[PDB]
Amino acid sequence: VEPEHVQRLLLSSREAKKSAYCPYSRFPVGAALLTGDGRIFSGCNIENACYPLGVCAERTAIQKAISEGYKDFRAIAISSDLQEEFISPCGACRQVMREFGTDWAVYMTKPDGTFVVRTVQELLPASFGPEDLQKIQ
Amino acid sequence: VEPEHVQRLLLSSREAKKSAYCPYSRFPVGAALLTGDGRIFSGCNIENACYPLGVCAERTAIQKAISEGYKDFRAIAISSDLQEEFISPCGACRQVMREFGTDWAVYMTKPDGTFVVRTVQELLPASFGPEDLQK
Amino acid sequence: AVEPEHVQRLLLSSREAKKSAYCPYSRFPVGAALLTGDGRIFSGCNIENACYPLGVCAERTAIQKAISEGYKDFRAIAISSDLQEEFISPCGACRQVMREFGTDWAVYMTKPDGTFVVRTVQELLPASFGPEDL
Amino acid sequence: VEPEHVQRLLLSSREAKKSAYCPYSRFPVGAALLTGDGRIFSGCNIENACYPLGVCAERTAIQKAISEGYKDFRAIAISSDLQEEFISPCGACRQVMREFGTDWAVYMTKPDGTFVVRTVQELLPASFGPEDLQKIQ
Ligand SMILES: Nc1ccn([C@@H]2O[C@H](CO)[C@@H](O)[C@H]2O)c(=O)n1
Ligand SMILES: Nc1ccn([C@@H]2O[C@H](CO)[C@@H](O)[C@H]2O)c(=O)n1
Ligand SMILES: Nc1ccn([C@@H]2O[C@H](CO)[C@@H](O)[C@H]2O)c(=O)n1
Ligand SMILES: O=c1ccn([C@@H]2O[C@H](CO)[C@@H](O)[C@H]2O)c(=O)[nH]1
Ligand SMILES: [N]
Ligand SMILES: [Zn+2]
Ligand SMILES: [Zn+2]
Ligand SMILES: [Zn+2]
Ligand SMILES: [Zn+2]
């Protein structure tokens, strides 16, 4: 709850929420992805007049990192305005996370700084993945 | 669910796989959803030249059912040609399933008829859902 | 473009489909109905999700239903909404899905009073990316 | 010779193509987004074992810009390995672009550097947009 990298994750995630583009849901979400070498990529949800075309904070962050060449992820924290609920990643974000590993941490936070940690494997058990298309050889 | 419906659901899932439009991945998937009153709705994956625009069998089936006024689901079965492993729903499909409850059954099968069952809740722990947007 | 009879049936079907719309978040109901080459009709409605990006449009619900039942030859698709002074137009993602199955078919963008504007898929998605690209 | 900003866009778009994560299609795509103040944001397609969960280069680039506070877009260029055919944005990407304006440019290129430029409006006529969702009408 207080290791340096945890503090960094929570602060960045909380800060990233400020850039959210969510005029439809008015539900801002921020995310901060921590890579293996210590770099942090932030993200926020970006909605669309046509709801299906919006994107979640977690994926905004992951897509940013990958586009810049980072594919080794250590952890990701998520922030929202819900004070009485730990903000949890939707199934779609869990699947994208899984595309890059099942062994990394997801910090589901509350505005007060408290949080619950679960791995991608735990958040997406018996996961569909690269193996289904026989891509691991 | 009733073994009578279980079998009908499992076969419906495989038959649906025949209509799959998947020229890009060449990975056909079929699904069949059983509603509270016994009606079954099936679906298949439908790809698109631009990959993100494709849709999964599970959601094709769920969307079909909802469009007909059915939102009470008891179970959903999934089928593919993957021999080495039970076919499981991707995270996106799990989230759509969750929109309509966490206590129902998901049948992940193999081409030989064997399968494993898990509830939506077990497939999507600590899930985000409608409650997050209430109050 | 097709006969006023098929157009009317498409019209009534999309409006009727719109009644099943699951849209508690936007409270913006949308209905759609498409006509296959052999004259069959398949309809759909938008179906949203707590996580907005996982919702689906009425057009794609209709299209996906038809395909799942073996139909891939489409002649026309009609869209209906509750917008009074706006012809409801298909979003870009729906146009791309429509394109996957041809560019030479009609899209009927209607208003609640039955008035409409019809354009081909090609006209709604010019210089489109398609199966040929791959 | 092309205007300075056009050369930058074309080259950045071509470069972003290298970070493409596309093991399923093996069809790399790069994008470069030019903002009103001159900053360029790049993107690449990032696929998923479950095809529908992938993202296009154009949205990867647009999401990166927005996540950092940039919504004023001037132009975006797309690059691919398709030698004889200008790479055009899919319909989903055109809708995301439209969320932030219809009067800006889209540069559809080929590897040799030649291109066709159309506005978002021209690529997505009679578009559905934020306006259709305004409560007062
Ligand atoms: N022509 C379109 C445009 C929008 N929609 C649906 O309307 C809601 C708000 O974008 C979302 O539910 C979206 O899917 C639709 O079904 N068809
Ligand atoms: N953990 C999650 C959950 C939700 N969201 C975003 O919040 C809005 C409502 O679901 C939508 O904008 C949705 O994308 C998110 O970005 N990350
Ligand atoms: N102009 C476009 C067209 C396609 N793509 C990406 O290419 C792959 C096959 O459609 C998929 O990875 C798809 O996202 C893209 O990124 N931009
Ligand atoms: O949730 C699953 C996972 C994957 N697929 C489909 O399998 C193919 C491989 O990704 C795609 O067409 C994808 O939609 C399903 O239908 N359901
Ligand atoms: N699946
Ligand atoms: Zn998500
Ligand atoms: Zn799926
Ligand atoms: Zn649409
Ligand atoms: Zn695209």
Side-chain angles (χ1 to χ4, degrees), chain A residues 15-25 29-33 41-71 90-100 124 127-137, chain D residues 12 15-26 29-33 41-71 90-100 124 127-135:
Chain A
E15 171 71 12
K17 185 171 60 185
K18 297 182 182 182
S19 296
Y21 176 71
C22 52
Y24 309 107
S25 75
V29 184
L33 178 59
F41 290 89
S42 72
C44 63
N45 55 326
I46 300 162
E47 318 188 319
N48 188 280
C50 190
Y51 288 20
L53 284 71
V55 65
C56 294
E58 301 93 300
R59 278 180 289 180
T60 291
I62 293 168
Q63 299 167 355
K64 282 176 64 178
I66 289 155
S67 72
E68 300 186 18
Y70 302 75
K71 269 173 280 184
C90 81
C93 286
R94 299 184 185 195
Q95 191 64 57
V96 172
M97 295 179 185
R98 192 264 171 278
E99 183 66 24
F100 304 93
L124 193 66
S127 62
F128 173 94
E131 63 177 33
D132 282 272
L133 299 179
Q134 307 185 317
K135 228 58 181 177
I136 300 177
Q137 54 180 60
Chain D
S12 297
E15 174 72 11
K17 193 170 63 185
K18 291 175 177 174
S19 304
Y21 175 71
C22 49
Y24 309 96
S25 75
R26 306 292 175 180
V29 181
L33 181 60
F41 289 93
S42 68
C44 63
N45 55 324
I46 301 169
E47 313 187 322
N48 192 276
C50 187
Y51 288 19
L53 284 307
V55 61
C56 301
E58 304 95 287
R59 281 178 281 174
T60 295
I62 292 175
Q63 299 169 184
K64 294 178 68 174
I66 299 172
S67 72
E68 296 182 52
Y70 299 78
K71 293 178 177 176
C90 87
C93 280
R94 303 184 182 191
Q95 189 68 55
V96 172
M97 302 176 180
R98 192 260 175 281
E99 182 72 19
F100 305 97
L124 194 69
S127 68
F128 177 82
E131 225 176 6
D132 305 325
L133 293 190
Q134 67 178 302
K135 54 174 65 292

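Every chain is numbered from 1 and lettered A, B, ... according to where its sequence line falls, protein lines coming before strand lines. Below, all heavy atoms of this structure are taken into account, side chains as well, without hydrogens, waters or symmetry copies.
- Each of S67(A), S19(A), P130(A), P23(A) has some count of heavy-atom pairs under 4.5 Å with chain D, and the biggest count is that of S67(A).
- With a 4.5 angstrom heavy-atom cutoff, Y70(D) does not touch chain A via any of its atoms.
- With a 4.5 angstrom heavy-atom cutoff, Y24(A) touches chain D only via side-chain atoms.
- Both the backbone and the side chain of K64(A) have a heavy atom closer than 4.5 Å to some heavy atom of chain D.
- Counting only distance, with no hydrogens or angles, the side chain of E99(A) and the backbone of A49(D) share a donor-acceptor pair below 3.5 Å.
- Both the backbone and the side chain of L53(D) come within less than 4.5 Å of a heavy atom of chain A.
- Of the atoms belonging to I66(D), heavy atoms from both backbone and side chain fall under 4.5 Å from chain A.
- The contact between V55(A) and chain D is made entirely by side chain atoms (from C-beta outward), counting heavy-atom distances below 4.5 Å.
- Across all non-hydrogen atoms, the minimal contact from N45(D) to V29(D) is OD1-N, 2.9 Å.
- For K18(D), no part sits under 4.5 Å from any heavy atom of chain A, backbone or side chain.
- Scanning both residues, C56(D) and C93(D), for their nearest heavy atoms gives CB-SG, 3.3 Å.
- Counting non-hydrogen atoms of neighbouring residues, nucleotides and ligands closer than 6.0 angstrom, the CD atom of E131(A) exceeds 12 such neighbours.
- Side chain of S12(D) to main chain of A32(D): no donor-acceptor pair is present (N/O by atom type, distance under 3.5 Å, no hydrogens or angles).
- Judged by distance alone, the side chains of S25(D) and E47(D) do bring a donor and an acceptor atom under 3.5 Å apart.
- Using a 4.5 Å cut-off between heavy atoms, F41(D) makes no contact with chain A at all.
- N48(A) places a side-chain N or O within donor-acceptor distance of the main-chain N or O of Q95(D), the cut-off being under 3.5 Å.
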